[PDB]
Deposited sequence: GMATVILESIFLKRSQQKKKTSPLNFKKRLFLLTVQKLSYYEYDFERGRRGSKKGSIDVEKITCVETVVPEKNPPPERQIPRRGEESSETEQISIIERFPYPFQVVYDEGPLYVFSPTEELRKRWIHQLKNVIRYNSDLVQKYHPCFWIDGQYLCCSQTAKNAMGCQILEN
């Protein structure tokens, strides 16, 4: 039940919005929670995914004109301290039965760390896919294949 990885990520998904969440990875589950900054501790649980139910973990093609909150910097005035909890420019994908979960990492190294660990723990899942969507699902379709089913088969082999 011990946590393998712990990070603050920007989580996405009608109405599409982005919230800061504390992500936890164990061998069994990935849970995400609210972060109580005022008291500096983990807050209320918001979601949990069975690791064995995950079918795909990959990066996502970055959006074209992203808001500052997802754009790399002024980090001379702002230390890494501020930017590492305000800027989340690197997205990756976590696909399970309900569909794709989109998560934004503050650094490339941290995304690399999480994708690597995730791949390790899902290595024996029965349903790993062979095709996936490298582009985000938005307003009823994937931007990579124009397919309008959230669980439509992937259009790219990797």
query: Unmodelled intervals of the deposited chain, in order; finding: 1 to 2, 16 to 21, 82 to 84, 170 to 171
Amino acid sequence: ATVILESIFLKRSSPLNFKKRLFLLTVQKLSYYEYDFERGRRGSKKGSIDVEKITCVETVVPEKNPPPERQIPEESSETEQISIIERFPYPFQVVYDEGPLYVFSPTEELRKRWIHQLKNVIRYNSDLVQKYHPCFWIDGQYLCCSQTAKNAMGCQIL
From here on, numbers count along this sequence of modelled residues.
property: Residue range whose averaged C-alpha B-factor is higher in the record, 87 to 95 or 34 to 42; result: 34 to 42
property: Average Cα temperature factor in the PDB entry - higher stretch of 64 to 72, 115 to 123; result: 64 to 72
property: Cα B factor band for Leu5 (lowest, middle or highest third within the chain); result: lowest
property: Modelled-residue ranking by C-alpha temperature factor, third containing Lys20; result: lowest
property: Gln130 - Cα temperature factor, lowest/middle/highest third of chain; result: highest
